[PDB]
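Okay, coords_20.txt is below, compact mmCIF, C-alpha atoms:
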# COMPACT_ATOMS: atom_id res chain seq x y z
CA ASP A 300 0.00 0.00 0.00
CA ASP A 301 3.07 2.27 0.14
CA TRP A 302 3.99 4.18 -3.02
CA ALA A 303 6.39 6.87 -4.18
CA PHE A 304 7.36 8.69 -7.35
CA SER A 305 9.93 6.94 -9.54
CA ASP A 306 11.59 7.36 -12.94
CA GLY A 307 10.60 3.95 -14.33
CA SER A 308 13.34 2.05 -12.47
CA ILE A 309 12.81 -0.64 -9.83
CA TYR A 310 13.18 0.33 -6.17
CA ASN A 311 14.36 -2.20 -3.58
CA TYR A 312 14.03 -1.04 0.02
CA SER A 313 17.16 -0.25 2.01
CA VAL A 314 17.95 1.98 4.98
CA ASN A 315 19.95 4.28 2.67
CA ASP A 316 18.11 3.78 -0.65
CA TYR A 317 15.59 6.29 -1.99
CA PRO A 318 13.60 6.28 -5.25
CA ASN A 319 14.40 8.88 -7.89
CA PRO A 320 11.29 11.09 -8.21
CA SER A 321 9.64 11.61 -11.59
CA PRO A 322 6.11 12.68 -12.56
CA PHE A 323 5.47 9.71 -14.88
CA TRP A 324 6.08 6.54 -12.82
CA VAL A 325 4.89 5.24 -9.45
CA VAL A 326 6.83 2.60 -7.51
CA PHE A 327 5.20 0.40 -4.86
CA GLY A 328 6.93 -1.10 -1.84
CA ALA A 329 5.77 -4.70 -2.29
CA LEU A 330 3.56 -6.94 -4.40
CA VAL A 331 -0.05 -7.52 -3.38
CA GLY A 332 -0.57 -10.99 -1.96
CA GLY A 333 -2.25 -13.62 -4.13
CA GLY A 334 -0.33 -12.84 -7.32
CA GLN A 335 -3.42 -11.47 -9.08
CA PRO A 336 -3.59 -8.08 -10.84
CA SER A 337 -5.21 -5.18 -9.00
CA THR A 338 -6.44 -1.69 -9.88
CA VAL A 339 -4.62 1.54 -9.01
CA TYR A 340 -6.78 4.67 -9.09
CA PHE A 341 -5.16 8.05 -9.80
CA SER A 342 -6.96 11.22 -8.70
CA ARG A 343 -5.26 14.50 -9.57
CA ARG A 344 -5.56 18.06 -8.25
CA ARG A 345 -5.77 20.58 -11.11
CA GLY A 346 -4.94 24.28 -10.84
CA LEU A 347 -7.09 27.06 -12.26
CA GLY A 348 -5.11 30.32 -12.24
CA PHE A 349 -8.19 32.55 -12.18
CA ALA A 350 -6.58 35.51 -10.40
CA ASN A 351 -3.38 35.84 -12.47
CA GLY A 352 -1.59 33.07 -10.57
CA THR A 353 -3.07 34.15 -7.22
CA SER A 354 -5.85 32.71 -5.09
CA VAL A 355 -9.59 33.37 -5.24
CA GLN A 356 -12.35 32.70 -2.72
CA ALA A 357 -13.89 29.24 -2.84
CA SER A 358 -17.37 30.73 -3.30
CA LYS A 359 -16.30 32.34 -6.60
CA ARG B 240 21.18 15.22 -17.31
CA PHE B 241 22.99 14.96 -13.95
CA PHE B 242 21.33 12.01 -12.20
CA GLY B 243 19.44 9.00 -13.50
CA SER B 244 18.57 5.43 -12.58
CA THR B 245 18.15 2.18 -14.47
CA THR B 246 17.01 -1.38 -13.80
CA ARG B 247 19.75 -4.03 -13.75
CA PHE B 248 18.44 -7.57 -14.20
CA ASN B 249 20.25 -10.42 -12.45
CA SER B 250 18.80 -13.52 -14.13
CA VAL B 251 21.07 -14.47 -17.05
CA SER B 252 24.75 -13.75 -17.73
CA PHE B 253 23.94 -11.26 -20.51
CA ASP B 254 22.00 -9.15 -17.98
CA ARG B 255 25.41 -7.86 -16.84
CA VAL B 256 25.28 -5.51 -19.85
CA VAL B 257 23.47 -2.33 -18.80
CA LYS B 258 22.60 0.63 -21.02
CA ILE B 259 23.37 4.13 -19.74
CA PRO B 260 20.30 6.42 -19.83
CA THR B 261 20.25 8.63 -22.91
CA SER B 262 20.13 11.86 -20.88
CA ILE B 263 23.42 10.83 -19.24
CA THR B 264 25.23 10.07 -22.52
CA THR B 265 24.67 13.49 -24.11
CA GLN B 266 27.38 16.15 -24.52
CA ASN B 267 30.11 13.50 -24.40
CA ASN B 268 32.12 15.26 -27.16
CA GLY B 269 33.76 11.98 -28.12
CA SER B 270 34.74 11.18 -24.53
CA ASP B 271 36.16 14.60 -23.67
CA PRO B 272 38.00 14.97 -20.33
CA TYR B 273 34.80 16.37 -18.79
CA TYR B 274 32.83 13.19 -19.62
CA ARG B 275 32.95 11.59 -16.18
CA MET B 276 30.43 9.43 -14.33
CA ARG B 277 30.31 7.52 -11.05
CA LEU B 278 27.94 4.65 -10.25
CA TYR B 279 26.06 4.01 -7.01
CA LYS B 280 23.86 1.15 -5.83
CA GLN B 281 21.94 3.28 -3.30
CA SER B 282 20.57 6.83 -3.32
CA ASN B 283 22.69 7.90 -0.32
CA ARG B 284 26.42 7.98 0.31
CA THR B 285 25.92 6.49 3.79
CA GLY B 286 27.16 2.92 4.19
CA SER B 287 28.64 1.15 1.17
CA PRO B 288 26.88 2.48 -1.96
CA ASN B 289 29.95 2.70 -4.21
CA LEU B 290 30.05 0.77 -7.48
CA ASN B 291 33.73 0.54 -8.36
CA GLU B 292 35.01 1.16 -11.88
CA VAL B 293 37.80 -1.25 -12.81
CA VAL B 294 39.65 -2.51 -15.89
CA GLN B 295 38.63 -6.17 -15.59
CA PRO B 296 35.29 -6.38 -13.70
CA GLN B 297 35.18 -9.31 -11.26
CA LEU B 298 32.37 -8.84 -8.74
CA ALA B 299 28.79 -7.61 -9.01
CA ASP B 300 30.00 -4.21 -7.74
CA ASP B 301 32.76 -3.93 -10.38
CA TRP B 302 31.90 -2.19 -13.64
CA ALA B 303 33.56 -0.93 -16.81
CA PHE B 304 32.62 0.76 -20.07
CA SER B 305 31.46 -1.57 -22.84
CA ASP B 306 30.08 -1.35 -26.38
CA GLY B 307 26.93 -3.39 -25.73
CA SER B 308 28.70 -6.76 -25.87
CA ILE B 309 29.04 -9.29 -23.05
CA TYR B 310 32.31 -9.44 -21.12
CA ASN B 311 33.55 -12.68 -19.58
CA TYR B 312 36.53 -12.38 -17.24
CA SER B 313 39.93 -13.66 -18.32
CA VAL B 314 43.51 -12.77 -17.42
CA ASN B 315 43.91 -11.42 -20.98
CA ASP B 316 40.35 -10.22 -21.74
CA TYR B 317 39.42 -6.54 -21.62
CA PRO B 318 36.07 -4.85 -22.33
CA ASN B 319 35.84 -2.56 -25.33
CA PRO B 320 35.13 0.94 -23.97
CA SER B 321 32.15 2.91 -25.26
CA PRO B 322 30.22 5.83 -23.72
CA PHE B 323 26.78 4.18 -24.01
CA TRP B 324 27.02 0.80 -22.23
CA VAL B 325 28.21 -0.40 -18.82
CA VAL B 326 29.27 -4.00 -18.18
CA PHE B 327 29.33 -5.56 -14.70
CA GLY B 328 31.63 -8.32 -13.47
CA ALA B 329 28.97 -10.64 -12.05
CA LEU B 330 25.26 -10.93 -11.32
CA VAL B 331 23.90 -9.77 -7.98
CA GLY B 332 22.98 -12.69 -5.75
CA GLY B 333 19.31 -13.56 -5.31
CA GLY B 334 18.35 -13.24 -8.97
CA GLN B 335 16.21 -10.15 -8.34
CA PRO B 336 16.50 -6.88 -10.30
CA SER B 337 18.42 -4.02 -8.71
CA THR B 338 18.88 -0.31 -9.38
CA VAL B 339 21.97 1.29 -10.93
CA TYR B 340 22.32 5.03 -10.30
CA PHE B 341 24.19 7.16 -12.86
CA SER B 342 25.72 10.46 -11.70
CA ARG B 343 27.36 12.58 -14.39
CA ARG B 344 29.90 15.41 -14.16
CA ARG B 345 29.04 18.23 -16.57
CA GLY B 346 31.52 20.78 -17.92
CA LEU B 347 30.80 24.50 -18.10
CA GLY B 348 33.40 26.19 -20.32
CA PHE B 349 32.94 29.62 -18.73
CA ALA B 350 36.46 30.91 -19.43
CA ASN B 351 36.74 30.00 -23.13
CA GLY B 352 37.70 26.39 -22.41
CA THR B 353 39.85 27.34 -19.40
CA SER B 354 39.29 27.11 -15.67
CA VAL B 355 37.63 29.60 -13.32
CA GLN B 356 37.73 29.92 -9.54
CA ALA B 357 35.16 27.86 -7.63
CA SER B 358 33.81 30.99 -5.91
CA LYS B 359 32.79 32.46 -9.30
CA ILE B 360 30.24 29.71 -10.07
CA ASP B 361 26.68 30.06 -8.77
CA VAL B 362 24.30 27.11 -9.15
CA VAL B 363 20.53 27.63 -8.85
CA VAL B 364 18.19 24.62 -8.72
CA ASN B 365 14.41 25.13 -8.90
CA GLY B 366 14.85 28.88 -8.39
CA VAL B 367 16.88 28.54 -5.17
CA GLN B 368 20.63 29.14 -5.03
CA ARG B 369 22.61 26.17 -3.73
CA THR B 370 25.78 26.05 -1.61
CA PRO B 371 28.93 24.47 -3.07
CA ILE B 372 30.64 21.60 -1.27
CA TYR B 373 34.42 21.71 -0.88
CA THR B 374 35.34 19.35 1.96
CA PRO B 375 33.44 16.03 1.82
CA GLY B 376 31.47 15.20 4.95
CA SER B 377 31.09 18.85 5.98
CA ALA B 378 27.88 20.61 6.97
CA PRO B 379 26.66 21.47 3.41
CA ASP B 380 27.47 17.91 2.28
CA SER B 381 24.37 16.51 4.03
CA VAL B 382 21.97 18.97 2.34
CA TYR B 383 20.05 17.76 -0.69
CA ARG B 384 20.55 19.35 -4.12
CA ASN B 385 24.05 20.59 -3.31
CA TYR B 386 26.92 20.40 -5.77
CA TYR B 387 30.66 19.88 -6.11
CA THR B 388 32.94 21.67 -8.57
CA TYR B 389 35.85 20.11 -10.44
CA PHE B 390 38.41 20.63 -13.20
CA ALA B 391 39.30 18.19 -15.98
CA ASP B 392 42.01 18.07 -18.64
CA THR B 393 43.80 15.42 -20.71
CA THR B 394 45.98 14.48 -17.71
CA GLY B 395 43.02 13.64 -15.44
CA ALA B 396 40.46 15.41 -13.28
CA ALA B 397 40.64 17.20 -9.94
CA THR B 398 37.77 18.10 -7.62
CA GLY B 399 37.66 21.61 -6.20
CA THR B 400 38.81 21.68 -2.57
CA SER B 401 38.35 25.39 -1.80
CA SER B 402 36.68 28.53 -3.13
CA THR B 403 39.96 29.53 -4.85
CA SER B 404 40.30 26.23 -6.72
CA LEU B 405 40.27 26.48 -10.51
CA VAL B 406 37.28 24.45 -11.73
CA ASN B 407 35.21 24.30 -14.90
CA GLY B 408 32.53 21.67 -14.22
CA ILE B 409 29.95 20.64 -11.64
CA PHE B 410 28.28 17.48 -10.36
CA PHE B 411 25.83 16.53 -7.63
CA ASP B 412 27.44 13.72 -5.60
CA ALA B 413 26.38 14.84 -2.11
CA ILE B 414 25.32 12.56 0.75
CA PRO B 415 21.86 12.74 -0.86
CA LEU B 416 22.60 11.68 -4.44
CA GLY B 417 21.41 13.54 -7.49
CA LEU B 418 18.34 15.47 -8.56
CA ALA B 419 14.76 14.91 -9.64
CA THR B 420 14.28 14.14 -13.33
CA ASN B 421 12.52 17.47 -13.98
CA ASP B 422 14.75 19.63 -11.77
CA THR B 423 16.09 22.75 -13.48
CA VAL B 424 19.79 23.55 -13.03
CA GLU B 425 21.36 26.93 -13.87
CA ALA B 426 25.12 27.30 -13.40
CA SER B 427 26.35 30.85 -13.99
CA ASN B 428 29.68 32.65 -13.92
CA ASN B 429 29.23 35.71 -11.71
CA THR B 430 32.57 37.32 -12.58
CA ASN B 431 31.87 41.05 -12.97
CA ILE B 432 34.74 41.82 -15.34
CA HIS B 433 34.33 43.73 -18.62
CA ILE B 434 31.40 45.59 -17.01
CA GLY B 435 30.85 48.82 -15.08
CA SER B 436 32.02 49.46 -11.54
CA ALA B 437 28.47 49.69 -10.16
CA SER B 438 27.76 46.03 -10.97
CA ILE B 439 27.51 43.28 -8.35
CA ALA B 440 28.44 39.60 -8.50
CA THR B 441 25.04 38.35 -7.27
CA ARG B 442 22.01 37.01 -9.12
CA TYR B 443 19.08 39.22 -10.09
CA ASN B 444 17.06 39.93 -6.94
CA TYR B 445 15.37 43.15 -8.11
CA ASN B 446 18.76 44.86 -7.74
CA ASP B 447 21.10 47.01 -9.81
CA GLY B 448 24.21 45.57 -11.42
CA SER B 449 23.14 41.96 -10.85
CA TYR B 450 23.52 39.32 -13.54
CA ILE B 451 20.91 37.69 -15.76
CA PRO B 452 21.79 34.13 -16.86
CA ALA B 453 22.42 33.68 -20.57
CA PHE B 454 22.27 29.96 -21.35
CA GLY B 455 25.06 29.08 -23.76
CA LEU B 456 26.14 32.62 -24.63
CA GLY B 457 29.66 31.92 -23.38
CA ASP B 458 30.09 29.21 -26.02
CA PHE B 459 30.19 32.02 -28.62
CA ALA B 460 31.19 35.17 -26.71
CA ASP B 461 34.65 35.16 -25.13
CA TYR B 462 33.97 36.00 -21.48
CA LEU B 463 37.70 35.82 -20.67
CA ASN B 464 39.19 38.09 -23.36
CA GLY B 465 36.14 40.37 -23.48
CA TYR B 466 34.70 39.63 -26.94
CA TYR B 467 30.95 40.26 -26.80
CA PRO B 468 28.14 40.65 -29.36
CA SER B 469 27.63 44.12 -30.79
CA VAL B 470 24.48 43.83 -32.96
CA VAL B 471 21.05 42.70 -31.75
CA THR B 472 17.76 42.19 -33.55
CA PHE B 473 14.53 40.21 -33.29
CA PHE B 474 13.40 37.65 -35.87
CA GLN B 475 10.49 35.19 -35.68
CA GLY B 476 10.38 35.38 -31.90
CA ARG B 477 14.14 34.79 -31.60
CA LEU B 478 16.78 37.18 -30.29

So, in terms of structure tokens, how does the structure I just supplied come out?
Amino acid sequence: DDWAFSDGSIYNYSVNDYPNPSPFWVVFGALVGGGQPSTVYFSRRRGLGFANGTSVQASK
Amino acid sequence: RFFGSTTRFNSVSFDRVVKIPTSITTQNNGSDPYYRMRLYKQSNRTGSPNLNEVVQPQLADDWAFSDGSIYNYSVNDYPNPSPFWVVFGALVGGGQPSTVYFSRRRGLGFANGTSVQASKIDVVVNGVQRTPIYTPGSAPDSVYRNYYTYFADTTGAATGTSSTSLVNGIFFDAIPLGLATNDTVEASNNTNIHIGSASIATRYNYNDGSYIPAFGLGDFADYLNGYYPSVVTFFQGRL
């Protein structure tokens, strides 16, 4: 259930090993038990830029 | 262009041949003295993360440059060097894939192909200026996204040890290794020569006499002898 950003390479856990972040690949810490494929759902936050790069009230 | 990673398989003997990422192989200039790389098995420098470069690779931690062919050890066998492939001496035990981390040293050429003092180079990553590292293991060595400076010629390479050391390239081999794949790096020479006396050697911070980075202008204008462009125009959205 643990994930991080990766650059398409495999990450094996170590006390001094860290994944290389990249916005195109996600690396998981371990395989899901049972050996069967599962579904990963991606939900993204999208920016608006209504106020010339500044914030606006949520009611607007 | 400074830090990358790749998957090294450990199943069959041919899996000892590993391709360098394309972003790491660029600007090699036919293996110029500034084309230097160092391999790591971990993302930190703590512990034993070093992958040793040797002539005849023996162990799984020993590597050499290869031309995409397999290398089998012999007392009279040597790998054929090439800047695009890395060959390892043996497979990592367990048969599971591992990660090979590529860290490249990139040359600057600020002084018309000659060296400049290490205090004259300012590196900005993601809009924030970073502190150079001179003595390994010091206080700025444990901070992420910090850099070392070095000099390279046909007789070898030397890493900058002080602010007065003559260096012409940079790399990012700190205790935290490397950068994010989309990190932006801007290395600038802040030497305020051939300019007015009211100028300052600091980056633009809404000041007067600060410097604006010109990416690649020094490859054509001689910033050491003072040869600078004299005619400017605009054409098709290009200066």

Enclose stretch 323-338 of chain A, meaning all of its atoms listed in the file, in a box aligned along x, y and z, pad it by 4 Å on each side, and list the centre and edge lengths in Å to one decimal, as JSON.
{"center_x": 0.2, "center_y": -2.0, "center_z": -8.4, "size_x": 21.4, "size_y": 31.3, "size_z": 21.0}

**Nearest to chain A, chosen from B:432, B:419, B:414, B:463, with all atoms listed in the file counted in the distances** = B:419

**Asked** Near residue A:339, within 12 Å and counting all atoms listed in the file, which residues show up once chain neighbours fewer than 4 positions away are dropped, as an NGL selection string?
**Response** :A and (300-302 or 325-327 or 331)

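The nearest approach to chain A among the residues B:415, B:272, B:408, B:296, with all atoms listed in the file taken into account, belongs to B:415.
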
**Two-atom distance - atom CA of residue B:454, atom CA of residue B:348 (Å)** =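 Atom-to-atom, atom CA of residue B:454 to atom CA of residue B:348, that is 11.8 Å.
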
Distance filter 8 Å, all atoms listed in the file, chain B against chain A, as a PDB file with C-alpha atoms, in the coordinates of the input:
ATOM      1  CA  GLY B 243      19.440   9.000 -13.500  1.00  0.00           C
ATOM      2  CA  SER B 244      18.570   5.430 -12.580  1.00  0.00           C
ATOM      3  CA  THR B 245      18.150   2.180 -14.470  1.00  0.00           C
ATOM      4  CA  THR B 246      17.010  -1.380 -13.800  1.00  0.00           C
ATOM      5  CA  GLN B 281      21.940   3.280  -3.300  1.00  0.00           C
ATOM      6  CA  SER B 282      20.570   6.830  -3.320  1.00  0.00           C
ATOM      7  CA  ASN B 283      22.690   7.900  -0.320  1.00  0.00           C
ATOM      8  CA  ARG B 284      26.420   7.980   0.310  1.00  0.00           C
ATOM      9  CA  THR B 285      25.920   6.490   3.790  1.00  0.00           C
ATOM     10  CA  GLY B 286      27.160   2.920   4.190  1.00  0.00           C
ATOM     11  CA  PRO B 336      16.500  -6.880 -10.300  1.00  0.00           C
ATOM     12  CA  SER B 337      18.420  -4.020  -8.710  1.00  0.00           C
ATOM     13  CA  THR B 338      18.880  -0.310  -9.380  1.00  0.00           C
ATOM     14  CA  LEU B 418      18.340  15.470  -8.560  1.00  0.00           C
ATOM     15  CA  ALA B 419      14.760  14.910  -9.640  1.00  0.00           C
ATOM     16  CA  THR B 420      14.280  14.140 -13.330  1.00  0.00           C
ATOM     17  CA  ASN B 421      12.520  17.470 -13.980  1.00  0.00           C
TER      18      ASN B 421
END

**Complete:** Taken to one decimal, the atom CA of residue B:321-atom CA of residue B:262 distance is 15.6 Å

**Request:** Would you kindly return, as a list in words, each protein, DNA or RNA residue with an atom no farther than 10 Å from any atom of residue B:251, considering only C-alpha atoms and excluding same-chain residues fewer than 4 positions away?
**Result:**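 Listed by chain and then number, they are residues 255, 330 and 334 of chain B.
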
**Request:** Would you list the residues near (26.3, -6.6, -25.2), meaning any protein, DNA or RNA residue with an atom at most 9 Å from that point in file coordinates, counting all atoms listed in the file, as a PyMOL selection string?
**Result:** chain B and resi 253-257+305-310+324+326

**Asked** Between B:377, B:472, B:358, B:249, which one has atoms that come closest to residue B:389, using all atoms listed in the file?
**Response**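 Using all atoms listed in the file, residue B:389 sits closest to B:358.
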
**Message:** Which residues are close to residue B:275, i.e. within 8 Å by only C-alpha atoms, leaving aside same-chain residues fewer than 6 positions away? Reply as a ChimeraX atom specification.
**Reply:** /B:343-345

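Take atom CA of residue B:339 and atom CA of residue B:292: the distance between them is 13.1 Å.
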
**Message:** Taking 5 positions as the minimum chain separation for residues in the same chain, which residues sit within 9 Å of residue B:429 when counting all atoms listed in the file? Answer as a VMD selection string.
**Reply:** chain B and resid 358 to 361 439 to 442 449 to 450

**Message:** List the spatial neighbours of residue B:465 as a count of residues only - criterion: any atom at most 10 Å away, only C-alpha atoms, same-chain residues fewer than 3 positions off excluded.
**Reply:** 7
